[PDB]
file work-v5.txt (compact mmCIF, C-alpha atoms and all ligand atoms)
# COMPACT_ATOMS: atom_id res chain seq x y z
CA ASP A 449 5.65 15.52 23.87
CA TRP A 450 6.55 16.54 20.31
CA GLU A 451 5.86 20.28 20.62
CA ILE A 452 8.73 22.26 19.10
CA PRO A 453 9.60 25.45 21.02
CA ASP A 454 9.20 28.74 19.19
CA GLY A 455 12.43 30.15 17.75
CA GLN A 456 14.22 26.95 16.72
CA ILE A 457 12.75 26.58 13.22
CA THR A 458 14.22 28.80 10.48
CA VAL A 459 11.37 29.36 8.02
CA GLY A 460 12.65 29.77 4.48
CA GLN A 461 11.24 29.72 0.96
CA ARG A 462 7.49 29.30 0.46
CA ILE A 463 6.65 26.00 -1.23
CA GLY A 464 2.98 26.55 -2.06
CA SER A 465 -0.14 28.35 -0.91
CA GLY A 466 -3.44 26.75 0.02
CA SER A 467 -6.92 27.71 1.13
CA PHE A 468 -6.25 26.16 4.56
CA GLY A 469 -2.53 26.82 5.05
CA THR A 470 0.84 27.52 3.47
CA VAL A 471 3.93 25.30 3.51
CA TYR A 472 7.55 26.47 3.74
CA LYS A 473 10.95 24.77 3.67
CA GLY A 474 12.46 25.32 7.11
CA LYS A 475 15.73 24.62 8.90
CA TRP A 476 15.58 22.61 12.13
CA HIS A 477 18.49 20.23 12.83
CA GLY A 478 18.61 19.82 9.05
CA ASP A 479 16.11 20.33 6.24
CA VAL A 480 12.46 20.22 7.33
CA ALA A 481 9.07 21.19 5.89
CA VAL A 482 6.72 23.37 7.94
CA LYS A 483 3.01 23.75 7.13
CA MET A 484 1.73 26.80 9.03
CA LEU A 485 -1.97 27.64 9.28
CA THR A 488 -5.52 34.61 11.10
CA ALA A 489 -8.03 33.57 13.77
CA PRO A 490 -8.20 29.79 14.34
CA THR A 491 -11.73 28.40 14.45
CA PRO A 492 -12.63 25.66 16.96
CA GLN A 493 -12.83 23.39 13.91
CA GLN A 494 -9.36 24.37 12.66
CA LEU A 495 -8.11 23.87 16.22
CA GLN A 496 -9.53 20.33 16.22
CA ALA A 497 -8.54 19.61 12.61
CA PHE A 498 -4.96 20.53 13.51
CA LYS A 499 -4.98 18.21 16.53
CA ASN A 500 -6.51 15.42 14.43
CA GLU A 501 -3.76 15.62 11.80
CA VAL A 502 -1.03 15.73 14.45
CA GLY A 503 -2.69 12.98 16.48
CA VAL A 504 -2.63 10.75 13.40
CA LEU A 505 0.97 11.57 12.43
CA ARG A 506 2.15 10.80 15.98
CA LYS A 507 1.13 7.13 15.58
CA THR A 508 3.20 6.72 12.38
CA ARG A 509 6.74 5.27 12.39
CA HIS A 510 7.34 3.62 9.02
CA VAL A 511 9.78 4.06 6.16
CA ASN A 512 6.99 4.50 3.60
CA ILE A 513 5.17 7.16 5.66
CA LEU A 514 6.32 10.79 5.74
CA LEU A 515 8.35 11.14 8.93
CA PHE A 516 6.48 13.47 11.26
CA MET A 517 8.97 15.39 13.40
CA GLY A 518 7.07 17.87 15.57
CA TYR A 519 4.36 20.49 15.88
CA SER A 520 4.08 24.06 17.13
CA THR A 521 1.33 26.33 18.42
CA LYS A 522 3.36 29.54 18.87
CA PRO A 523 3.44 31.69 16.92
CA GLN A 524 1.31 29.77 14.42
CA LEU A 525 -0.22 26.31 14.21
CA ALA A 526 2.45 24.35 12.35
CA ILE A 527 3.29 20.75 11.45
CA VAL A 528 6.98 19.95 10.97
CA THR A 529 7.98 16.99 8.81
CA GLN A 530 11.15 15.85 7.07
CA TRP A 531 12.13 17.52 3.80
CA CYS A 532 12.21 15.19 0.79
CA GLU A 533 13.47 16.08 -2.68
CA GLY A 534 11.78 14.92 -5.87
CA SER A 535 8.21 14.94 -7.16
CA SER A 536 4.87 13.29 -6.51
CA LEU A 537 3.66 10.28 -8.47
CA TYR A 538 1.00 12.44 -10.16
CA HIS A 539 3.77 14.76 -11.37
CA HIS A 540 5.83 11.85 -12.73
CA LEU A 541 3.09 9.99 -14.62
CA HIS A 542 0.92 12.88 -15.86
CA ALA A 543 3.19 15.95 -16.10
CA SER A 544 6.88 15.10 -16.37
CA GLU A 545 5.95 11.89 -18.26
CA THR A 546 8.75 9.95 -16.58
CA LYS A 547 8.66 6.48 -18.15
CA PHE A 548 9.47 3.82 -15.56
CA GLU A 549 10.58 0.27 -16.19
CA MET A 550 8.10 -2.42 -15.19
CA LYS A 551 10.66 -3.42 -12.55
CA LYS A 552 10.33 -0.02 -10.85
CA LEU A 553 6.56 0.31 -11.30
CA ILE A 554 6.07 -2.79 -9.14
CA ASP A 555 8.54 -1.43 -6.57
CA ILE A 556 6.59 1.84 -6.37
CA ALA A 557 3.38 -0.14 -5.90
CA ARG A 558 5.06 -2.39 -3.32
CA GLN A 559 6.25 0.50 -1.13
CA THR A 560 2.82 2.13 -1.42
CA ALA A 561 1.17 -1.12 -0.30
CA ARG A 562 3.63 -1.44 2.59
CA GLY A 563 2.71 2.02 3.87
CA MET A 564 -1.01 1.45 3.38
CA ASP A 565 -0.62 -1.85 5.23
CA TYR A 566 1.01 -0.03 8.15
CA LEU A 567 -1.74 2.60 8.28
CA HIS A 568 -4.52 0.01 8.47
CA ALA A 569 -2.64 -1.85 11.22
CA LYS A 570 -2.82 1.35 13.29
CA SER A 571 -6.54 1.65 12.37
CA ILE A 572 -5.83 4.75 10.26
CA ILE A 573 -7.87 5.67 7.17
CA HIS A 574 -6.07 7.88 4.66
CA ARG A 575 -9.41 9.27 3.37
CA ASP A 576 -7.62 10.92 0.42
CA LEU A 577 -5.15 8.47 -1.11
CA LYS A 578 -4.05 9.49 -4.60
CA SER A 579 -0.97 9.69 -6.81
CA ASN A 580 -0.63 13.36 -5.83
CA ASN A 581 -0.25 12.34 -2.16
CA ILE A 582 2.43 9.74 -2.98
CA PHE A 583 5.83 11.44 -2.90
CA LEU A 584 8.87 9.79 -4.49
CA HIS A 585 11.69 10.78 -2.15
CA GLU A 586 14.95 10.79 -4.14
CA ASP A 587 12.81 9.41 -7.01
CA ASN A 588 13.17 6.03 -5.28
CA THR A 589 11.51 5.72 -1.86
CA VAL A 590 7.73 6.16 -1.66
CA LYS A 591 6.46 8.56 1.02
CA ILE A 592 2.74 8.57 1.82
CA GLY A 593 1.20 11.75 3.21
CA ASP A 594 -1.66 14.26 2.83
CA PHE A 595 -0.36 17.31 0.96
CA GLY A 596 -3.80 18.86 0.41
CA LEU A 597 -3.80 22.53 1.39
CA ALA A 598 -7.46 23.46 0.78
CA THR A 599 -9.43 21.12 3.08
CA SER A 614 -12.49 18.87 -4.06
CA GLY A 615 -10.67 18.14 -7.31
CA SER A 616 -9.86 14.51 -6.52
CA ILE A 617 -12.84 12.53 -7.78
CA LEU A 618 -10.91 9.92 -9.77
CA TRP A 619 -9.71 8.27 -6.53
CA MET A 620 -13.05 8.35 -4.69
CA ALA A 621 -14.90 5.06 -4.33
CA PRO A 622 -18.55 4.79 -5.44
CA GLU A 623 -19.70 4.59 -1.82
CA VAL A 624 -17.70 7.75 -1.06
CA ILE A 625 -19.58 9.72 -3.72
CA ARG A 626 -22.86 8.33 -2.34
CA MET A 627 -22.94 10.01 1.08
CA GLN A 628 -24.48 7.43 3.41
CA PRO A 632 -18.26 6.39 3.83
CA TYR A 633 -14.52 6.29 4.54
CA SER A 634 -13.26 2.78 5.29
CA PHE A 635 -10.32 0.49 4.57
CA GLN A 636 -11.97 -0.56 1.30
CA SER A 637 -12.43 3.08 0.26
CA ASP A 638 -8.65 3.42 0.54
CA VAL A 639 -8.25 0.13 -1.36
CA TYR A 640 -10.25 1.55 -4.28
CA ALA A 641 -7.94 4.57 -4.31
CA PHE A 642 -4.98 2.17 -4.34
CA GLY A 643 -6.64 0.43 -7.28
CA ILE A 644 -6.87 3.73 -9.14
CA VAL A 645 -3.18 4.37 -8.42
CA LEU A 646 -2.43 0.96 -9.93
CA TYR A 647 -4.38 2.08 -13.01
CA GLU A 648 -2.17 5.17 -13.39
CA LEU A 649 0.99 3.08 -12.97
CA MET A 650 -0.02 0.46 -15.56
CA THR A 651 -1.44 2.97 -18.07
CA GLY A 652 0.42 6.25 -17.52
CA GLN A 653 -2.93 8.06 -17.82
CA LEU A 654 -5.69 9.17 -15.48
CA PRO A 655 -9.00 7.27 -15.57
CA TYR A 656 -11.96 8.65 -17.52
CA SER A 657 -9.68 10.77 -19.70
CA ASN A 658 -12.24 10.76 -22.56
CA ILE A 659 -14.93 12.40 -20.40
CA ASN A 660 -15.44 16.11 -21.06
CA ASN A 661 -17.00 17.30 -17.79
CA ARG A 662 -16.94 16.01 -14.22
CA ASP A 663 -20.68 16.33 -13.55
CA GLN A 664 -21.38 12.89 -15.02
CA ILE A 665 -18.23 11.30 -13.53
CA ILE A 666 -19.70 12.08 -10.11
CA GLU A 667 -23.12 10.81 -11.19
CA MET A 668 -22.09 7.86 -13.39
CA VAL A 669 -19.49 6.35 -11.05
CA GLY A 670 -21.85 6.84 -8.12
CA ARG A 671 -24.54 5.07 -10.14
CA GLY A 672 -22.27 2.12 -10.93
CA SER A 673 -22.21 2.54 -14.72
CA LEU A 674 -18.71 4.05 -15.13
CA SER A 675 -15.50 2.17 -14.37
CA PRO A 676 -11.88 2.63 -15.49
CA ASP A 677 -11.45 1.09 -18.95
CA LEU A 678 -9.15 -1.82 -18.00
CA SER A 679 -8.06 -2.36 -21.65
CA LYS A 680 -5.81 0.73 -21.74
CA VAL A 681 -3.17 -1.05 -19.62
CA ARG A 682 0.23 -1.62 -21.19
CA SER A 683 1.06 -4.89 -22.92
CA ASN A 684 3.88 -5.89 -20.55
CA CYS A 685 1.57 -5.58 -17.51
CA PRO A 686 1.59 -8.92 -15.65
CA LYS A 687 -1.65 -10.86 -15.35
CA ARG A 688 -1.51 -10.66 -11.55
CA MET A 689 -1.48 -6.86 -11.67
CA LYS A 690 -4.52 -6.87 -13.96
CA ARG A 691 -6.38 -9.20 -11.58
CA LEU A 692 -5.44 -7.36 -8.39
CA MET A 693 -6.35 -4.02 -9.97
CA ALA A 694 -9.78 -5.36 -10.95
CA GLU A 695 -10.47 -6.68 -7.45
CA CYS A 696 -9.42 -3.34 -5.97
CA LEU A 697 -11.98 -1.61 -8.22
CA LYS A 698 -14.99 -3.76 -7.31
CA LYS A 699 -18.17 -1.75 -6.86
CA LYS A 700 -19.09 -3.64 -3.69
CA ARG A 701 -16.87 -2.73 -0.76
CA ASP A 702 -16.88 -6.24 0.74
CA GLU A 703 -15.52 -7.69 -2.52
CA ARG A 704 -12.41 -5.53 -2.24
CA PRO A 705 -9.42 -7.18 -0.53
CA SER A 706 -7.44 -5.96 2.46
CA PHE A 707 -3.92 -4.60 2.18
CA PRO A 708 -2.32 -7.65 3.90
CA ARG A 709 -3.61 -9.72 0.98
CA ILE A 710 -2.77 -6.89 -1.44
CA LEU A 711 0.82 -6.49 -0.24
CA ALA A 712 1.37 -10.26 -0.20
CA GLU A 713 0.56 -10.72 -3.89
CA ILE A 714 2.67 -7.71 -4.94
CA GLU A 715 5.75 -8.78 -2.95
CA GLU A 716 5.45 -12.26 -4.46
CA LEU A 717 4.97 -10.80 -7.94
CA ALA A 718 7.96 -8.51 -7.38
CA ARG A 719 10.23 -11.48 -6.64
CA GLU A 720 9.11 -12.98 -9.97
CA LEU A 721 10.67 -10.12 -11.94
CA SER A 722 14.01 -10.10 -10.07
CA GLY A 723 15.33 -13.08 -12.00
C1 LIG B 1 4.54 20.09 6.37
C2 LIG B 1 3.98 19.31 5.19
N1 LIG B 1 5.11 18.71 4.51
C3 LIG B 1 5.25 18.81 3.06
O1 LIG B 1 4.41 19.36 2.43
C4 LIG B 1 6.48 18.18 2.41
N2 LIG B 1 7.07 17.16 3.00
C5 LIG B 1 8.14 16.59 2.49
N3 LIG B 1 8.69 17.02 1.36
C6 LIG B 1 8.16 18.04 0.72
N4 LIG B 1 8.76 18.50 -0.52
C7 LIG B 1 7.03 18.67 1.22
CL1 LIG B 1 6.31 20.05 0.35
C8 LIG B 1 2.98 18.29 5.73
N5 LIG B 1 2.37 18.39 6.97
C9 LIG B 1 1.46 17.26 7.21
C10 LIG B 1 1.47 16.39 6.09
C11 LIG B 1 0.64 15.11 6.00
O2 LIG B 1 0.82 14.36 5.10
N6 LIG B 1 -0.36 14.85 7.03
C12 LIG B 1 -1.19 13.66 7.03
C13 LIG B 1 -0.62 12.41 6.85
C14 LIG B 1 -1.44 11.29 6.85
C15 LIG B 1 -0.84 9.90 6.65
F1 LIG B 1 -0.85 9.25 7.85
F2 LIG B 1 -1.57 9.21 5.73
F3 LIG B 1 0.45 10.03 6.22
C16 LIG B 1 -2.79 11.45 7.05
CL2 LIG B 1 -3.87 10.03 7.07
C17 LIG B 1 -3.30 12.73 7.24
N7 LIG B 1 -2.49 13.77 7.22
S1 LIG B 1 2.47 16.94 4.97
call {"tool": "encode", "arguments": {"input": "work-v5.txt", "output": "structure tokens", "more": "lines below"}}
Ligand SMILES: C[C@@H](NC(=O)c1ncnc(N)c1Cl)c1ncc(C(=O)Nc2cc(C(F)(F)F)c(Cl)cn2)s1
result
Amino acid sequence: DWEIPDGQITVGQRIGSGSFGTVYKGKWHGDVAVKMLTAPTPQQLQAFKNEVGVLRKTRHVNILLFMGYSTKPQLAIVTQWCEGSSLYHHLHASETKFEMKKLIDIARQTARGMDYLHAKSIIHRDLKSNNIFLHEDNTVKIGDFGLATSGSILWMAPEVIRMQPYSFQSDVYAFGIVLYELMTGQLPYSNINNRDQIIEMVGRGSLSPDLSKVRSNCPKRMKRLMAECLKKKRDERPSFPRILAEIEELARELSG
């Protein structure tokens, strides 16, 4: 069992509040991060066990290392502490300009982690550049840092907006949107004023990311893989084994 006894974790500075919990930087055999959740509902009790039950089946370098959980005194999830910023903070706030060599490496590590999740039959359900942490500004760490559960429509597939929806291809579309941010430095649909139409237009199949805003030095394989990841039909979107294979081969083309 991975239950951490009460009294071992030294809760420290608060990292950021949410509508569903708060996260602190704790001390527990080193630097750790603890997300603690007044009265737990039967849903919150199950939602906590679902998030821990998913993190228990993860043991990969590109996935945030789950370390333990606690029920006393509060429902908590203990993970490793990583320094740096998320990919959304690098490309759309800090404006960190990466070499094309490193942009492919960030996409490669992201595809490696997404490949490992699908092997374990795990759907991320909320893959975005904000949930992609750059540990030491080098290693990609995939997690779910959402503290409210929905301001994350740019990464939602058309079939996810049309409630009939989470699948491997829905995560592939999110990965395709992340590729758009990497190759453009901007979020999709930046020229749209409100989000009412973005929900309606993308769900209707008449709004797609303008694939001409990509940088000049973007390889032709990245433009083709990004387009296939953004197909409106789910069955026309590839699987991450095929996605990772073409990126790792493309990556070896840049290293001399
Ligand atoms: C305690 C808190 N840790 C931090 O926030 C943090 N960690 C490192 N460095 C920092 N600076 C910070 Cl601030 C977290 N508890 C659970 C987290 C999580 O990702 N759960 C999760 C993961 C997956 C995945 F399988 F896709 F990965 C899925 Cl599918 C669904 N849920 S994250």
call {"tool": "residues_near_ligand", "arguments": {"input": "work-v5.txt", "ligand": "ligand LIG 1 (chain B)", "cutoff": "8 Å", "atoms": "only C-alpha atoms and all ligand atoms", "output": "ChimeraX atom specification"}}
result
/A:463-464,471-473,480-484,501-502,504-505,508,513-514,516,526-535,567,572-577,581,583,585,592-596
call {"tool": "residues_near_point", "arguments": {"input": "work-v5.txt", "point": "(-15.2, 3.8, -1.7)", "cutoff": "12 Å", "atoms": "only C-alpha atoms", "output": "NGL selection string"}}
result
:A and (573-577 or 617-628 or 632-644 or 669-670 or 672 or 696-704)
call {"tool": "residues_around", "arguments": {"input": "work-v5.txt", "residues": "stretch 452-462 of chain A", "least_positions_apart": "2", "cutoff": "6 Å", "atoms": "only C-alpha atoms", "output": "list in words"}}
result
residues 464, 472, 473, 474, 475, 476, 518, 519, 520 and 522 of chain A
call {"tool": "atom_distance", "arguments": {"input": "work-v5.txt", "atom1": "atom CA of residue A:689", "atom2": "atom CA of residue A:712"}}
result
12.3 Å
call {"tool": "atom_distance", "arguments": {"input": "work-v5.txt", "atom1": "atom CA of residue A:491", "atom2": "atom CA of residue A:470"}}
result
16.7 Å
call {"tool": "closest_atom_pairs", "arguments": {"input": "work-v5.txt", "of": "stretch 479-542 of chain A", "to": "stretch 645-664 of chain A", "cutoff": "10 Å", "atoms": "all atoms listed in the file", "output": "Markdown table"}}
result
| residue | atom | partner | partner_atom | distance |
| --- | --- | --- | --- | --- |
| A:537 | CA | A:649 | CA | 8.9 |
| A:538 | CA | A:648 | CA | 8.6 |
| A:540 | CA | A:652 | CA | 9.1 |
| A:541 | CA | A:652 | CA | 5.4 |
| A:542 | CA | A:653 | CA | 6.5 |
call {"tool": "write_last_selection", "arguments": {"input": "work-v5.txt", "atoms": "C-alpha atoms", "output": "mmCIF file, keeping the file's coordinate frame"}}
result
data_model
loop_
_atom_site.group_PDB
_atom_site.id
_atom_site.type_symbol
_atom_site.label_atom_id
_atom_site.label_comp_id
_atom_site.auth_asym_id
_atom_site.auth_seq_id
_atom_site.Cartn_x
_atom_site.Cartn_y
_atom_site.Cartn_z
ATOM 1 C CA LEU A 537 3.660 10.280 -8.470
ATOM 2 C CA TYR A 538 1.000 12.440 -10.160
ATOM 3 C CA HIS A 540 5.830 11.850 -12.730
ATOM 4 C CA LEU A 541 3.090 9.990 -14.620
ATOM 5 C CA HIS A 542 0.920 12.880 -15.860
#
call {"tool": "atom_distance", "arguments": {"input": "work-v5.txt", "atom1": "atom CA of residue A:503", "atom2": "atom CA of residue A:588"}}
result
27.8 Å
call {"tool": "residues_near_point", "arguments": {"input": "work-v5.txt", "point": "(9.4, 1.5, -20.6)", "cutoff": "12 Å", "atoms": "all atoms listed in the file", "output": "list in words"}}
result
residues 545, 546, 547, 548, 549, 550, 551, 552, 553, 649, 650, 651, 652, 682, 683, 684 and 685 of chain A
call {"tool": "closest_residue", "arguments": {"input": "work-v5.txt", "among": "A:477, A:665, A:568, A:694", "to": "residue A:615", "atoms": "all atoms listed in the file"}}
result
A:665
call {"tool": "closest_residue", "arguments": {"input": "work-v5.txt", "among": "A:718, A:489, A:708, A:536", "to": "residue A:586", "atoms": "all atoms listed in the file"}}
result
A:536
call {"tool": "closest_residue", "arguments": {"input": "work-v5.txt", "among": "A:478, A:680, A:591, A:465", "to": "residue A:578", "atoms": "all atoms listed in the file"}}
result
A:591
call {"tool": "closest_residue", "arguments": {"input": "work-v5.txt", "among": "A:666, A:515, A:598, A:554", "to": "residue A:717", "atoms": "all atoms listed in the file"}}
result
A:554
call {"tool": "closest_residue", "arguments": {"input": "work-v5.txt", "among": "A:597, A:584, A:556, A:524", "to": "residue A:467", "atoms": "all atoms listed in the file"}}
result
A:597
call {"tool": "closest_residue", "arguments": {"input": "work-v5.txt", "among": "A:673, A:488, A:722, A:580", "to": "residue A:539", "atoms": "all atoms listed in the file"}}
result
A:580
call {"tool": "decode", "arguments": {"input": "work-v5.txt", "residues": "stretch 598-635 of chain A", "atoms": "C-alpha atoms", "output": "tab-separated table (two decimals), in the first residue's frame"}}
result
chain	number	residue	atom	x	y	z
A	598	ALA	CA	-11.34	23.26	-9.90
A	599	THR	CA	-12.79	20.00	-11.27
A	614	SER	CA	-13.89	24.76	-17.71
A	615	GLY	CA	-11.47	27.22	-19.31
A	616	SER	CA	-9.70	24.67	-21.50
A	617	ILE	CA	-11.69	24.58	-24.73
A	618	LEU	CA	-8.76	24.98	-27.13
A	619	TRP	CA	-7.60	21.41	-26.39
A	620	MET	CA	-11.04	19.75	-26.54
A	621	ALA	CA	-11.79	17.64	-29.60
A	622	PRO	CA	-14.96	18.30	-31.64
A	623	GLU	CA	-16.52	15.07	-30.36
A	624	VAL	CA	-15.75	16.16	-26.79
A	625	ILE	CA	-17.74	19.38	-27.22
A	626	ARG	CA	-20.59	17.35	-28.75
A	627	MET	CA	-21.69	15.32	-25.72
A	628	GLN	CA	-22.67	11.92	-27.11
A	632	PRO	CA	-16.58	11.27	-25.58
A	633	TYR	CA	-13.15	10.76	-24.01
A	634	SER	CA	-10.97	8.34	-25.98
A	635	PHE	CA	-7.39	7.86	-27.15
